[PDB]
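So the structure is just underneath, and the comments pick up after that.
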Amino acid sequence: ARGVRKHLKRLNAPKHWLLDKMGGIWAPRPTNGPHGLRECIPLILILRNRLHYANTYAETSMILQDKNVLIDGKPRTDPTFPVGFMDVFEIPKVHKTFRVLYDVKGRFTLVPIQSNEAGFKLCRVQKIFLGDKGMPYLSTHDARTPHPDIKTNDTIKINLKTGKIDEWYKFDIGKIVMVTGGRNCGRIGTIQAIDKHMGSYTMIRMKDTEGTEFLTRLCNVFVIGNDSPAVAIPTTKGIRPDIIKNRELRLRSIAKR
Amino acid sequence: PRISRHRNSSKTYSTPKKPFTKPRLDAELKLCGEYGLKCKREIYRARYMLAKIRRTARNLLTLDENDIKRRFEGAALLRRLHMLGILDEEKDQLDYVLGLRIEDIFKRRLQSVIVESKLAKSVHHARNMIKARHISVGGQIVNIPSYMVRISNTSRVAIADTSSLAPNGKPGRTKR
Amino acid sequence: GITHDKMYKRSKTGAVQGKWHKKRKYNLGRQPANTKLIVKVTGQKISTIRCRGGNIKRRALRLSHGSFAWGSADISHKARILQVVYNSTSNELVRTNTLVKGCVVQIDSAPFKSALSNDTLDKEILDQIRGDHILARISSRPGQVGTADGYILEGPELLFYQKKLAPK
Amino acid sequence: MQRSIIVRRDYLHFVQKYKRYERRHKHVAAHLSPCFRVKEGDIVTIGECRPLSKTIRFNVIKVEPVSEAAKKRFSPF
Amino acid sequence: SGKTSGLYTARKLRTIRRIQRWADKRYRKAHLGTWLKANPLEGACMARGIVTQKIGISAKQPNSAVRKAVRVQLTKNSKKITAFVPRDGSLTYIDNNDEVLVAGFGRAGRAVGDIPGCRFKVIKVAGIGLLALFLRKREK
Amino acid sequence: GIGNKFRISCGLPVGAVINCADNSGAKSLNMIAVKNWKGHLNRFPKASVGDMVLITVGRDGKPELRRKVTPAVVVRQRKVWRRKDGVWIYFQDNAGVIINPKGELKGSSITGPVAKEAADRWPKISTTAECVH
RNA sequence: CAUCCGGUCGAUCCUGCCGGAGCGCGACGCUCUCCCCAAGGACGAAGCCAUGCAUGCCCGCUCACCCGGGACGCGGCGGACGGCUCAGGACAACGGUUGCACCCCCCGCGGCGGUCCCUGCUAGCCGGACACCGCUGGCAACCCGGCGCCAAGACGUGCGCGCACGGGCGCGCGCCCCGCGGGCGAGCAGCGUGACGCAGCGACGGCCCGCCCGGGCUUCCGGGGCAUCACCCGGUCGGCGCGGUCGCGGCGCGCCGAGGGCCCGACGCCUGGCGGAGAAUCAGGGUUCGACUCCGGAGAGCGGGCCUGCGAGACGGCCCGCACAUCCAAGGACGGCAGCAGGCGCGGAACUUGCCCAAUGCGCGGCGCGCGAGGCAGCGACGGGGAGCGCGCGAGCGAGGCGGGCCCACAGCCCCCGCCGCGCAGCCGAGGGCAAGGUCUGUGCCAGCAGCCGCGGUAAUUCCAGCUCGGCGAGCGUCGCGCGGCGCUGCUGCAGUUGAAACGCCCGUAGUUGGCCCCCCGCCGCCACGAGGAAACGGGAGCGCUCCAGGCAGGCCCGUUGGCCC
């Protein structure tokens, strides 16, 4: 069909961005880069709509036209540059630091973190490639590209300062793990089991802290600390609040309103 | 293209399958006379919503008591009716919802709540007064006679702060 | 307008297929560049053709010479390249002297004559090395890669092939 | 065909307007190695392959014979 | 009759319905496509036309009257329609070969009432609806 | 026609069916007669290149043109003719182009080579013809 | 979300269909007091088009200019995205599900980064070679000529480390098989070893790698009618050797065989055939429709054929064949509104040659413009929703008008203010079905009415009028169609003695259906439970748009929400 599309309609946009159906024919489109289109959120919305800092979409481009915002410790200014999972985003004018995390419903959330938390970044290890003239290399969930005793699915704690391997979270049963994709995004649990089937789509079984054994695909699994979260968890601890527990919260919110 | 197409609309008024039934027709004239309704379309909107709410209770009936969906929907459906003041506050059961009649929807009318407050002492005068916006629901002047006041706002509904009774300025014949 | 699109082919049931589209650029095909053996060299013009994604391919159309390897002794050297002997698909292509992988060719023995001094290095290549021409087949796609390297025929392919062309 | 067999794939299709299943048959072309000796009425375990020919995208990975001809019986294996 | 009811008889049930669904005259008229090709008003609510002649039709007995009608040639299919001009004395409003819009009598291609052979009836003449002319809401 | 013509050997007599150069949708034109022909007794009317001929479109031709005597112009002839410059010229096939009584051509395009004599006589033929030989 | 009534007779009970009764969505007639919301030349013409507009943005060089204000050309990026419309296309498209160990992919993001030379070097870093612009000129126009001169982060050349290096090579694991990796479910990689090529990029380091965003294909299942279509196909079906392509493949070619399909409907034909997300109607099951919003396809009068590019077999590129045109000085030139307005043809049927990029995006580069994308207004009874035409004894507006406030790219409209204050209805009927005159006029089987049964033949409950009354309501009538009705299509759930209908009879192949019986597993089917795969949409939580149809808002806040299901 001719060439690559460079537009994303509002109805086409993923549900997680939560862009209002009316008021806009089309949502912004991410750029090819560290994260994927449905695996990332736009930087313009994070400031313009989520934080409400920019009154118009254009006046979000103005804010980063002059350097003022950083992703993963790098200026990374482009307005629609993809900002995805475990990203160290910091507004130095606001003097605030936010990991981009997944909410229990599944939408992305900016959660404030300590400078020590800003010091390290979490990214999953994709399959090791053997290219670049035989030098072993492995890619991340953020596409960044080694230590020999490492496998795929494990999470490396890249510093973003050293830009090198630090604490490697090996993929084994019982590590406290996050779910990146599927219906139960944001939920945190130790991996009870794995059934490979020696074909494809290895099954994933996850015992949560409360004893509910949630499940997902093995690709969509993120390690979050070999032992302990080793990150600033948003205050939900992936407890999976139920629809009625969500109605309680909403009704008390209205009471406070 | 044109998000005007994306905006939606719904049929809130249902005509009778049998159009001419003399007993039903006369009863509708009684309702129209007693509750000061403008046309039988007015009644149809109320009849439609009585039906759907009762149907929702019947859908909940085929669910087990305390089913996650049954409890969530059951709480909400009961809550809205007593929140508007339509259903008995204490009962809060599906069986009590099944007995609701359009008279309850008619009682929720702002123009209805005025004849009980003795402000216009006539549904037809209440309708007239609401048109001139001489009745205000708690700091909100209302030109529409079907405000559907929620139970708490019955205390709030009163003559408007704008010139009328205890006048801000000169109202009506005093003005003219 | 050459295409490899399957739309123009009939189905397994021998049924005509409705043409839902005009020929598309991605399914395009290009003229077979028939690499031609120069024969006596007393010219190697190799074309370069733009591909999909701005890639490049080298099209040999006339060439002589090219790298060859004696697998049995594992010695590899450039060779002059003599006439094509056998095409396995056509008897006309051999006489035309078009070059395509799988076409068996004669080669000069002068670069590889250095092994005549050595002894017991097989017997078949020993007699070809003594002779002016060595039996060898092409191992490179002359048209797509733009080079026509080959392996000197050794053992069974040489046995069957010699019987196929040389005796009368 | 030489170095090729036709695999009949029996299968059921459910109709919802009438809650009954209609029997269907799909023939599939499979390239067979000489290591497989194949007779009609036998049951073969095919596998996916890059298209070998116009109608062949499947290769045989195992062949299971049956005594004589075991009738047919529409077996969705 | 067993109405073929087996777990594997689902092609037979489907086949029987598609073949025997054509027996119904109404389904046949609707989905054969014969009406669409043969309809003077082919998939149209109404059509423009010239009045071939103004000729009354004698009504079917018991009723006895000359119901004034106009033969009409359609612009779209050049087919001749017999259209009954309605109400009282409305034929006078029409002149021979005037523009006329004609709509079906309301029986979906069937004749309505005593008029013999009247699949359609006149709605508008030279841009003016015949009732509008009849009530004098809009004059000729 | 423009100017004074020069006598050239008249290849086509009456009855000569000639192929149609124009795309008007006629394939073969049957020559009924020659415009401007006072003839002697027994002499079939004869026409050369650049001569207007009343023709009738044949059965193969589109029906609208068929059944009407129509004017045409001979544009090519098999018979060799001598130009006053001593060039003896001939064409592979005899051909005609259907033209109104005024000079305008019924067909938008003229197919194949066209003779100079026709091109000089008819300005429209000269502009339409790709090659004048 | 489970409902009927009127019509065969002297009456009766049936079958049987006719007609009503409700809804949707288009025409059509008559009328509409506002406010809000809103479809809009798809409907056998993907017919044809006048006019204006729909893709530019920057300087990389600036010698003109003239203070970096900076044109003009070259240079880079984009013009393939976006808008439009369903013509084609019936194992196709399209959808879920797969595979690329058979692959291509600019920007961007995260990394690697030895580039042989004989040499020839200027590598303190080089050439020649042109636009622009002068200077003379053609042409009716279009469009360009020659001269002379000068530029570029343009282009051409060019040192540069033998784990130099793009490519393509020849050779490098194995012992019945099955279990460690840089690996994988799997001999895949990446190299060592011996040659060849001298690819890039290098005159401001990118060679290259991955991720990714799309493609290119591919697996499996779904995927219209017709038997007054029963036999089909012949690169068709396999294998083999080449080419060709980004790549697999009869994808093209030779060669070699004899296949591949089919009553489980092939092939052939037809289609006023885009497909799904969805829509309409509705107890349940069904039925019906998929122009248009979202997605995927396919096309830009019709066929072909192409270069540029990272990507187009591009038509707001080019080239040609075929139509049908326009300019014209007659020599020549130059097309494409299935973009947006607007014209015309046609049809029953469908809007302004309207205004702006400020949002909503996108293009171009850190410093702002381009966009008939989109927004905004105009028309606008497609339709949806909210109020009016009274009420009071004399109470009182909003519909309006006029200035504000405010809104808005600016207007406006709404709303809020002060003043001034003009309430303002129709369209079908009354014999029944089916609601509402055992009133007076005319007329006299005429005129007419009447979906249906019926009325009218000089005392019409049926017409033409008056009068009354009814039903709906700023809407009401009329026609076409879908659905329900209609269990009158019957899976649920129809009938065949006599209302329509058991083949005259029998064998019979496919097809379909097959007594019981073994508990204990293996494959079936089957059933439950997961996992993963866009929303809008339907439902639904929460929420006072003054009420509502709405919208995902809102509020002194779950980490405020926008769950959750489909």
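Chain lettering (A, B, ...) mirrors the order of the structure tokens, residue numbering begins at 1 for each chain separately, and ligand numbering begins at 1 in order of display.
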
Quiz prompt | For segment 39-46 of chain D: contacts at 6 Å, only C-alpha atoms (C1' of nucleotides), fewer than 6 positions along chain excluded, given as a PyMOL selection string | solution = chain D and resi 59-66+69

Output file for the residues above (C-alpha atoms, as a PDB file, in the first residue's frame):
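This is the output file out-v2.pdb:
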```
ATOM      1  CA  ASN D  59       6.132 -31.855   4.254  1.00  0.00           C
ATOM      2  CA  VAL D  60       5.564 -35.330   5.798  1.00  0.00           C
ATOM      3  CA  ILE D  61       7.352 -35.855   9.186  1.00  0.00           C
ATOM      4  CA  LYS D  62       5.800 -39.286  10.013  1.00  0.00           C
ATOM      5  CA  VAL D  63       3.671 -41.954   8.228  1.00  0.00           C
ATOM      6  CA  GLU D  64       1.467 -44.450  10.131  1.00  0.00           C
ATOM      7  CA  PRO D  65       0.102 -47.450   8.077  1.00  0.00           C
ATOM      8  CA  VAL D  66      -3.241 -49.256   8.699  1.00  0.00           C
ATOM      9  CA  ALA D  69      -8.011 -50.506   3.712  1.00  0.00           C
TER      10      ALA D  69
END
```

Quiz prompt | Near-residue 148 of chain G list (12 Å; only C-alpha atoms (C1' of nucleotides); drop same-chain fewer than 4 positions) as a ChimeraX atom specification | solution = /G:133-136

Which residues come within 7 Å of residue 22 of chain D, counting only C-alpha atoms (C1' of nucleotides), excluding same-chain residues fewer than 4 positions away, as a CSV table (one decimal) with N, CA, C and O atoms, in the first residue's frame?
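This is the output file around-v2.csv:
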```csv
chain,number,residue,atom,x,y,z
D,12,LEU,N,-15.2,-31.1,10.8
D,12,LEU,CA,-16.6,-30.8,11.0
D,12,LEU,C,-16.9,-29.3,11.0
D,12,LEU,O,-16.1,-28.6,11.6
D,13,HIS,N,-18.0,-28.8,10.4
D,13,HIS,CA,-18.4,-27.4,10.5
D,13,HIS,C,-19.7,-27.2,11.2
D,13,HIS,O,-20.6,-27.9,10.8
D,14,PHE,N,-19.7,-26.4,12.3
D,14,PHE,CA,-20.9,-26.3,13.1
D,14,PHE,C,-21.9,-25.3,12.5
D,14,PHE,O,-21.4,-24.2,12.2
E,8,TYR,N,-25.4,-34.8,11.7
E,8,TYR,CA,-24.5,-34.6,10.6
E,8,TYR,C,-25.3,-34.2,9.4
E,8,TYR,O,-24.8,-34.0,8.3
E,9,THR,N,-26.6,-34.0,9.6
E,9,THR,CA,-27.5,-33.5,8.5
E,9,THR,C,-27.7,-32.0,8.6
E,9,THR,O,-28.9,-31.6,8.9
E,10,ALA,N,-26.7,-31.2,8.4
E,10,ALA,CA,-26.9,-29.8,8.5
E,10,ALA,C,-26.7,-29.2,7.1
E,10,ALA,O,-27.0,-28.0,7.0
E,11,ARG,N,-26.3,-29.9,6.1
E,11,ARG,CA,-26.2,-29.4,4.7
E,11,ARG,C,-27.6,-29.6,4.2
E,11,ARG,O,-28.1,-28.7,3.5
```

Exercise. Using only C-alpha atoms, select each residue of chain A with any atom at most 9 Å away from an atom of chain B, and give the selection as an NGL selection string.
Key: :A and (21-25 or 243-244 or 247)

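Here the question is which of D:35, D:52, D:70, D:28 gets nearest to chain C using only C-alpha atoms, and that residue is D:28.
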
Write out, as CSV, each residue of chain D that has an atom at most 8 Å from chain E, together with the closest pair of atoms and their distance in Å to one decimal, counting only C-alpha atoms, rows going by chain and rising number.
```
residue,atom,partner,partner_atom,distance
D:15,CA,E:10,CA,6.8
D:18,CA,E:10,CA,6.6
D:19,CA,E:7,CA,7.6
D:20,CA,E:7,CA,4.5
D:21,CA,E:8,CA,5.0
D:22,CA,E:10,CA,5.1
D:23,CA,E:8,CA,6.6
```

Written selection (N, CA, C and O atoms) as an mmCIF file, in the first residue's frame:
```
data_model
loop_
_atom_site.group_PDB
_atom_site.id
_atom_site.type_symbol
_atom_site.label_atom_id
_atom_site.label_comp_id
_atom_site.auth_asym_id
_atom_site.auth_seq_id
_atom_site.Cartn_x
_atom_site.Cartn_y
_atom_site.Cartn_z
ATOM 1 N N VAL D 15 -23.156 -25.615 12.359
ATOM 2 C CA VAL D 15 -24.145 -24.595 11.907
ATOM 3 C C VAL D 15 -24.917 -24.155 13.153
ATOM 4 O O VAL D 15 -25.123 -24.993 14.037
ATOM 5 N N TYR D 18 -29.032 -24.231 12.491
ATOM 6 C CA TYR D 18 -29.564 -25.567 12.840
ATOM 7 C C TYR D 18 -28.410 -26.156 13.623
ATOM 8 O O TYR D 18 -27.344 -26.234 13.024
ATOM 9 N N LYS D 19 -28.631 -26.639 14.846
ATOM 10 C CA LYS D 19 -27.484 -27.035 15.712
ATOM 11 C C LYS D 19 -26.944 -28.404 15.316
ATOM 12 O O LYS D 19 -26.891 -29.292 16.178
ATOM 13 N N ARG D 20 -26.475 -28.520 14.076
ATOM 14 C CA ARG D 20 -25.939 -29.798 13.560
ATOM 15 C C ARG D 20 -24.589 -29.476 12.922
ATOM 16 O O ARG D 20 -24.316 -28.286 12.690
ATOM 17 N N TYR D 21 -23.774 -30.497 12.683
ATOM 18 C CA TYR D 21 -22.427 -30.289 12.114
ATOM 19 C C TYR D 21 -22.443 -30.833 10.691
ATOM 20 O O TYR D 21 -22.942 -31.932 10.503
ATOM 21 N N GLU D 22 -21.922 -30.086 9.723
ATOM 22 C CA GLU D 22 -21.840 -30.655 8.356
ATOM 23 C C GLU D 22 -20.414 -31.150 8.103
ATOM 24 O O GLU D 22 -19.472 -30.398 8.375
ATOM 25 N N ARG D 23 -20.274 -32.384 7.624
ATOM 26 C CA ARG D 23 -18.940 -32.979 7.361
ATOM 27 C C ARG D 23 -18.274 -32.303 6.155
ATOM 28 O O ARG D 23 -18.932 -32.174 5.111
#
```

I'd like the contact shell of residue 13 of chain F - 8 Å cut-off, only C-alpha atoms (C1' of nucleotides), skipping same-chain residues fewer than 4 positions apart - returned as a PDB file with N, CA and C atoms, in the first residue's frame.
```pdb
ATOM      1  N   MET F  31     -15.825   2.174 -52.896  1.00  0.00           N
ATOM      2  CA  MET F  31     -15.887   3.393 -53.739  1.00  0.00           C
ATOM      3  C   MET F  31     -17.080   3.357 -54.684  1.00  0.00           C
ATOM      4  N   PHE F  44     -14.903   3.457 -66.593  1.00  0.00           N
ATOM      5  CA  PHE F  44     -15.222   3.428 -65.154  1.00  0.00           C
ATOM      6  C   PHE F  44     -14.604   4.693 -64.565  1.00  0.00           C
ATOM      7  N   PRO F  45     -15.286   5.424 -63.665  1.00  0.00           N
ATOM      8  CA  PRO F  45     -14.665   6.560 -63.004  1.00  0.00           C
ATOM      9  C   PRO F  45     -13.439   6.083 -62.223  1.00  0.00           C
ATOM     10  N   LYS F  46     -12.324   6.806 -62.309  1.00  0.00           N
ATOM     11  CA  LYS F  46     -11.065   6.374 -61.657  1.00  0.00           C
ATOM     12  C   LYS F  46     -10.566   7.507 -60.775  1.00  0.00           C
ATOM     13  N   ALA F  47      -9.921   7.185 -59.659  1.00  0.00           N
ATOM     14  CA  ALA F  47      -9.464   8.229 -58.720  1.00  0.00           C
ATOM     15  C   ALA F  47      -8.053   7.927 -58.233  1.00  0.00           C
TER      16      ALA F  47
END
```

Practice problem: Write out as a list in words the residues lying within 9 Å of residue 53 of chain D, counting only C-alpha atoms (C1' of nucleotides) and excluding same-chain residues fewer than 5 positions away. | Solution: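 Close residues of residue 53 of chain D: residues 238, 249 and 250 of chain G.
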
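Atom pair atom CA of residue 98 of chain F / atom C1' of residue 304 of chain G: separated by 29.0 Å.
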